[PDB]
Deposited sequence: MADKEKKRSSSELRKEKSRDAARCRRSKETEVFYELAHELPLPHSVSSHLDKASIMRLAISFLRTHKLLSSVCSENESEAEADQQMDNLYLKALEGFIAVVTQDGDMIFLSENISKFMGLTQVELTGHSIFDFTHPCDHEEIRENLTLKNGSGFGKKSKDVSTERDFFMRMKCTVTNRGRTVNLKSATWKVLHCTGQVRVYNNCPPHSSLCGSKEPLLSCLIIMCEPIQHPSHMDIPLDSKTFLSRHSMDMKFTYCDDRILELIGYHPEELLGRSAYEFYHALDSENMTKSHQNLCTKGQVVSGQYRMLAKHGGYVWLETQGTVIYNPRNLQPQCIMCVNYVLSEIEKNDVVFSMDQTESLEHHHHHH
């Protein structure tokens, strides 16, 4: 009978000995304590395999770190995951990635957990935080797109160590934007419907003349494999970050761009309205003496 009070006190001691804040550790479930201890020391095994000031690294991150296993077990998630996903570190650590991600991406996730070792993909994970900071419950969770970049490791058996960054919504941005970044609006086929005035001083295009033009005619063809995929991802997940591609400049040459496309929706009919692209110009005009398309040749 007294063993129960001894069992509760040793469970309490185990929760406290986990590297966690004393509150959430003290008030926890027994099976959750088991999960967290197992995951923590299994992650320690992986970390000893790898290695053979926390607030600085954690807050200077537009994403959270997640190591998942080959079976899909999220053996570790960085503490700041909540900040992006609403679900706290305790709620997800030890559970399957498939139980908290979009099923339509599971195979992709399944394809990335297996086995080169570099991985770079997009996945829709459950989220319960809103643009106001108000965290909601799992019954009303929304799908958040995460760009996951990382490596798969054979720790002695596999582990996907990835950094998952959200793609900020263009309407809700708390990060500053430089004069080397401009906005654009597109229909769902990536045809231009609007773009910023900065494109004039950045790429030479008059913002009005680009309207109605297919963006597929304005990037250097050597990047098509990326662009297509991005668009496809943008159409299947609602969000995507392109790779670093070349947009043909006005009077010849190209500029280097990385853009984050997000499908937006009219809130009165909830249908896909358009795609908002925040385009980071990564360079000046390169090879401006070499025209590539007719849009540059007609422009004298």
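- In sequence order, the gaps in C-alpha coverage of the deposited chain fall at 1-22, 75-85, 149-161, 203-217, 362-368.
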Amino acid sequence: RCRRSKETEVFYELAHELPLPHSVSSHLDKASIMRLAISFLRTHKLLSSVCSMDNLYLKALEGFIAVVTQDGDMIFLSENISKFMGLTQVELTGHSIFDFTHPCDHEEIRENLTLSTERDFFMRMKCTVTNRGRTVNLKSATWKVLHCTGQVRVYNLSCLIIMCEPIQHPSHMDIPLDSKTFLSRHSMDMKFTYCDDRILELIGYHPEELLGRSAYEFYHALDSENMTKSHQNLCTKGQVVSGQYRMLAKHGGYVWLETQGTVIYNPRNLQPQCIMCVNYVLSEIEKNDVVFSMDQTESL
From here on, numbers count along this sequence of modelled residues.
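Between two forms, the rigid core is the largest collection of C-alphas that superpose within 1.5 Å.
- Where the structures in 6 other deposited structures of this protein are fitted on the rigid core, 25-33 is the one of 25-33 and 246-254 whose C-alphas sit farther from the shown form on average.
- Of 218-226 and 75-83, the stretch whose C-alpha atoms sit farther from the shown form in 6 other deposited structures of this protein, after fitting on the rigid core, is 218-226.
- In all of the other compared structures of this protein with flanking residues present, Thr93 is modelled, so it falls below the one-third mark for missing coordinates.
- Across the other PDB entries of this protein whose models span the neighbouring residues, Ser184 is modelled without exception, so it is unmodelled in far fewer than a third.
- Higher mean CA temperature factor between 172-180 and 101-109: 172-180, per the PDB entry.
- Look at the C-alpha B-factors of 215-223 and of 138-146. On average they run higher in 138-146.
- Per the deposited record, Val10 carries the highest C-alpha B-factor of all listed residues (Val291, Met276, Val10, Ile285).
- Across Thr69, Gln244, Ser26, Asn233, the entry's maximum B-factor at the CA atom is seen for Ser26.
- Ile199: CA B factor lies in the middle third for its chain, per the PDB record.
- In this PDB entry, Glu62 carries a Cα temperature factor that places it within the middle third of its chain's modelled residues.
- Remark: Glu79 belongs to the middle third of its chain, ranked by C-alpha B-factor as recorded.
- For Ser48, the recorded CA B-factor ranks within the highest third of the chain. Only modelled residues enter the ranking.
- Ranked by C-alpha B-factor against the other modelled residues of its chain, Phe40 falls in the middle third.
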